[PDB]
Structures are given as C-alpha cells and as structure tokens.
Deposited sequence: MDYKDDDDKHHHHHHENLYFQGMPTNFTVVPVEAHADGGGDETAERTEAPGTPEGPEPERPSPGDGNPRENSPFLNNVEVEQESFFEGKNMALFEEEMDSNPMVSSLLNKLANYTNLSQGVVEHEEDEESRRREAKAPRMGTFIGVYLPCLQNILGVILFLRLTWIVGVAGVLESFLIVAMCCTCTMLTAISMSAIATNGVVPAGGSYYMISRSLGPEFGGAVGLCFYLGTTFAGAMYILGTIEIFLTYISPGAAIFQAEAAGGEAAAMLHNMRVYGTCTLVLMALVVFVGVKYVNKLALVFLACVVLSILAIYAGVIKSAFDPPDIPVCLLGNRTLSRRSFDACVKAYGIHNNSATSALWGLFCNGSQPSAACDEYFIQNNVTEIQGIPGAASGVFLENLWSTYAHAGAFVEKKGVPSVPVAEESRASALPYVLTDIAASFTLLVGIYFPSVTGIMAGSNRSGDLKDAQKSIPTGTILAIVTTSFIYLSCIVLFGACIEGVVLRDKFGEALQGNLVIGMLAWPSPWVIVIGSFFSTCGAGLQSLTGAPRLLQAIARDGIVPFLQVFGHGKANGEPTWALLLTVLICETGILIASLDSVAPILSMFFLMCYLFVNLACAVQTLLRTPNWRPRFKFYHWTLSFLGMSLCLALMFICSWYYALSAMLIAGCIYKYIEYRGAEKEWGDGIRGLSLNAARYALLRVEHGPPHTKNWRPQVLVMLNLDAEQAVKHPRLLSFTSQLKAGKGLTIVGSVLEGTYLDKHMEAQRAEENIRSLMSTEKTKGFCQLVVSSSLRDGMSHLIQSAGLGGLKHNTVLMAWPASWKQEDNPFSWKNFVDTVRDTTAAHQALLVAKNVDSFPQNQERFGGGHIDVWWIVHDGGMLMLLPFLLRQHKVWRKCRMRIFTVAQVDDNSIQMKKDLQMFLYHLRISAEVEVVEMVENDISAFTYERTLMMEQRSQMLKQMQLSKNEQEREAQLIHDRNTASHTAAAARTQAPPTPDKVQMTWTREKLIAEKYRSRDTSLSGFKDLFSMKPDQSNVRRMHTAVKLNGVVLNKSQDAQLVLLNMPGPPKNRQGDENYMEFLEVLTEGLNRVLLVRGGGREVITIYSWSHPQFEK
C-alpha cells in the first residue's frame, strides 16, 4: 500500500513536450501507458450522443459503425507498435517517437494534423460542457431566451457562442498561470469517468430485476414533451366537475372545453407507456432497424395506432418532440469517430518508462480492446433496455428534461450528470495544455520555419505564443456552436494523421529503408496497408470534401518541409531537392546483394585523349548509346597523364570536349576525367572507384590499340594487357571494339546485313544478349543473328537441339544455329590461324562479328604473345567486338 501511494501521486495525463527531450521513479505498463490512453479515449460521445446513435441507426447499423471505427484505430496501434519497437524510443511525447523513425517530412505532416485535431477537440469539449449545463443542470440560467415558439433552434446557438467564448478565455487563463494545479487533478478526472461507467452497468443489472418507473407520454404515434405539464390525461374530475388538465391547455385554445382545439388532438387519445422497460422485456427485437428521418419530423412509435389528419401542421408551436437534424448513415459515422481517438496518449511518457519497447505496444492495444468492449456492450445494452422512442430523443425532452443515459443509472441520474460535467471540463483542460506543447516542439525542431516564433516559452519552458494561436483556432470551432458539426471536422484531422502513420510504415517495409527494423511480433506490412485503406474509406464516408481539404493541406505540408530542408542544406532549393532525392535513394541500395537475378550491362566507356586534347575515337560513344537505349548507367571516364597541380588548365579544356560529344551522341550519362601520374594508374582507379554506392559500373568498353609498334606507345600498349587483368580481378565484363572508326553513327541506318555470333565456350550468356540489345535500336533494327559454334564433341545434333531450346527460354529463336567442324607460342598462334580461316569463311562481309576473348597470361612475360594471338585471330574483318566476363547470371 506504501508502494501504491507514491505511484498514484506520480500519475499524470500529460505529454512530455520539448523540455524532456532537451535534457535527454520509472512507471509501469498500467500507470504509464494504460491509464493515460484509457482516459483520453472515454469521453463525451458516450454520455451525450451514444444513445441517440443507437436510436436513430438501430442496433445492427450502429454495431457496424463501432466495428469500423475501432478497427481503424486497432490497425493504427499496430503501426504505432512498430514505431515503438524500432530503435531506442526517444524521450518526450509521441511526436519525437514518430519523427525519428519516419523522418522529418512524415513527422511534421503528422504533427501538424495531430495539432489541428487536438485544437478542435478542445472546441468539442467546451461545447459539450455548455450543453450539459444549459440542458440538464440549470436550463433557466440562459441569456438568450426564445421570444416565441420557433426560436428554440436559433437562440440555443447564441447561448453556445456567448458561454463558449467566455469558457475558452477562462480555460486558457487557468492553463497559463495554474497548470501545476491542473496536473494534480489528473486522477480526479479519471475517477469521474470510471465511477460514471460503473453506475451505468449497475443500472443495467438492476433493470433486469426491477425496472424503474419512468412514464413517457404519447398521443397517437407522435411523442410530446413533458416540460410544461405533469399529468397525461385529457380531462379529470375535481370538485364535482369534469375539469381539464394542463395538457388540454397546450393544444386547445382556451381552458374551457367548448372553445377550440387542435384537429389531431381530438381524434386521438393519450397513451402512457413506460420509458425504460428493462432487459427483461423484449424491446431488443423492436429497436433493431434504422429510423432515419428529416429535420422537424415526429418521433413515433410503431405499435400504438393513430388516425391521419390532412389539416395543416406547424409542429413547432405545439408541445412535441421533433428531430433536430436530418440524420443519415454517413452523418452518424462522423459524429461517432471522435470517441475512439486517443491512440497517441499511450506514448506520452516515453522517457519515464522502464521498458518502453514493451510497455507502449502492450498498454495501447489493451486500451483499444477494453474501450471497444465498452462501446459494443453499451449498444447491446441500450437497445435491449430503453424503449426506442426515448433513444431518438436528444436533450431528454420526454423525460422531464433529464439525461437518457442518466435515467438508466442506478444510484442517481446525478452521478452521470456531475460525472460527465467534470470529465468534459477536464478533457478541455488537457486539450488546451497538450496542444500548445506539441506546436512548441514542432516550432523548436526547425523543420517548418515560418512557425519559428511559436517555440518561445517561459523560464520553465511553458508555451506563451503557442497558447494564443491555439485559443484563436479553438475559437473558430466554438463559432460553429454545435457538437454535431465540429465532430466531422475533428475526425478529419485524426484520420489524416492515422493515414500517414499507416502509409509510412508500409512503404518503409516494402522499399527496405535502412534503420527500419521493427522487432514487434504481430506486425506485417499488409496490416498497415489494410489500416491505410480503412482509414481512407472512413475518410470519404464522413465527408468527401473535408477529405480533399485534409489531403491537400497535409500534402502541401509534406512538400514544404522537403523544399525548406533541401534549401537549408544543398544550397539552392530546386537543385537541392534533386540532390536529397539521389542521396536518399542510394542509401537504400547500400545494404543488399550486388547481383540478384538478372544481368544488364552498365558500362564504363574508356576514352583516349591525344595532345591538343580531343577524343581519339568518337564512335565509341555512339556504340554505347545503341546498347543502352538511354536507360542505364553510363560513366564516360578518360585519363590524361601528369600532375593535377599544373595540368588542371588542360583538364578543364578536355572535359568540355567530352560534354560536347555526349550532347550530340545523346548519351545520358556521367563524365569522370582524371589527371593521373601515369596512364596505367588512372585507368586502374576508374575500374574500382567510378560511381558511388548502388550505381556502379558493370562492364568496361575499350578500343583496340591500333598502333602496335611505335616508339613511346610500348608503354601505352602494355597498359592494354594489364587492364584485362584488372577487370577480371574485379569480376567485371570487358568489351574490346576493333576498327571502331568504322562504326555506325546514330543517324546511319543499316539495311539488311547480319550480326554473326561465335559462341565457342565460356559465357554464351552475355554473348547472346549483346546483339539482342543492339537489335532494338534503329541502326541495327533490320539485321539477322547468325550464331555459330565449333565442335570438338563427337555429335553435333544434341549440340544444336539443346541450343535451339536455349532460345526457347530466351524468347529469341529468330537466330539460326550452325555448327562448323574440321613451344606454347607455336601451339597458340597455329590454333588462331586455323580458327581465322574458319571465321572469315562464314563472316567475310558481316556487319558485326562477336567473338570470345581468351584469358590473359599469368606469367606476365607473354603479353606480346597474347596480343599476337588476338591479331592473327582477327584479320580482315570490318567490325569486331571481343567479349568476356566473369561470374554473372543471365535469365
């Protein structure tokens, strides 16, 4: 008990704002998470409007309203449970918990929609506590009284705007000077809720054994208000005379019987039924279907008979019970939905829990369950216990001006009326001390900068200019001055911030964002995708034009935070808004495997530059644009020798020549000019470090060194052999183009001609794919693939029939297959000239010949014999492309 005393002194229903985030006993799941979440859910819709929803919509449709609204908040509490298990759970509120997991763009768009929903929540709680006062506590204490009979609907709006504005400016002064006394009353406001709920269930159990005696006065079908008179008779007997009652005086003109009366009043008789017959009676089968009506309609009972009258009716003057608002299904969804909001109250105390990754998912989910049980039990127990003609009666006009849910309670009706008065004034205090702390945390965070001032506070950190904005926004909801019109506006901001929490958790799971690994057990991305789809479907049931207003407000807060966050960082905004997009997309790719399922060439094309720096072989850019049809990566890297300290004047000239080609050749790519100490070295740096992160090259395209025997070129010729060794060590493909000056431009178009492929052995996967990619371009469009294979295996048939079903897997059987069959330096170059005689026998005049390229020698002294093997192999051919690669999958 001594340990249970300082725990209840430690209880508070407040969000940890910005002062708990700058400085960054311990609570449990029950006091830290469960009780603050349950206090912010059970509110004013249960006591004022729930019996009216069960009456108008019936038991079946109002069971469907609660099943949809409690599922949108259950699937959102699973998305909040994924955020609460990811990472460290930073101290201070639910704003810092969301915005560190989902980033500042989703964090600020949720935070400003949760600020606007909390502000109009304080407007609904102030309009709710005036409605309890002026209807049930002291109805005579109203300034603007109706001067005539039809003034009741107009003069009640004037009492709401006068008393609501005077309550709001008084509520804000208590928060500004006495907020420490508001926080001590956090346990009193919980006890007013819990004792009111127990008084309802105590009255339902008592209503089965003996129902209470409440009479409801009927006349035909229609139901008449009990405010003026007391007795339900047309006439009685006093002092030996047939005297008329006070019900006679309201319909008939004079108190005397013979003068004048209403036409409907004469032909029908006054029936007196019981209002709360109990759970023993079978009224549950009666009030099970909907009774939607227009405004001003009567509140009728199905059983009692009446006779219709064609005489005219002004029902406002006579004492009747009339429907105030024209009700629908979509209207009752919008009025009910603020009764389930309060998910985010479970993570107000993220810095004061001993295990926040375990307390936050457990306490919020157990709070949605225990409140959805209360709303689903009350709908069954209001329909089965109250006559449905009393449930259709807002403002309790049939019950002498008493609260309908209060007459059901056992000890007194004053338990609920006092209990709903203090807990609604208390929820207005929490909505007006909790929403300025949220705006101050967003303002001091710096992500939205026009709102920077709202981050000023007092010496202890309490908001000053954030209160003044919140009172002015909450004043516009009091000027609407009805509880039923603020509630669809309120529901629209909570459904909007629940939409982004479910969207951002589903996108970051699919797109594999780094630092998003939620270790919560019952979480799957479809369960947030389904929560996004249901909280979007409820958002267009309520109002479709409130939904487009909320999606355009919150969508423009999202893009404004991107623009100012990139203007702050990468210099200019238009330029910076693409540099943050490229950085954030490359950090996602940083984790995965280098190759997954398919191969496609991503080429580093090497250019040679001469003195008076111009491109030596410009058609090597033309051939790159024919493989890559303006789609993939293309790094254009070239190397000039010398130190960077003195040759950076020539490096600015040579780079402008490369940009001149890539505009004309329509190469949509990148340029990496490097000034290296030797031309050998700088090609070995572009092989291993051209391109950062996910986008790195995959293939190296070169040109054949034509001048084989020269003076200074024997250093430059040897660089060709050692860069074959570099690409095979880095596991990269290599493409050598011979006679690259006689390659087609982009404007030349071949007619007829043939592309000959010679798959001997070793990586025919790439070697079929390269002419298939050329064939899609308009230069190589009308050509034919001939694919040739030499045979040293005995049979040629199963060579061919397996090869013809290689293209059945590859969908390119338009090619035709043919098989041709017939000390180291002696053995190598003799095999070349035998194979040379084979290849020009079938490919003398072809447009392009593809060949496998042999591996470079390992001893390094045979690099002149390896190059003579390649020259003898390729004699008298117009266009040769030599292909080799290492370790890749073509499917």
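Taking the first deposited residue as 1, the stretches without any C-alpha atom are 1-103, 128-137, 936-1032, 1102-1113.
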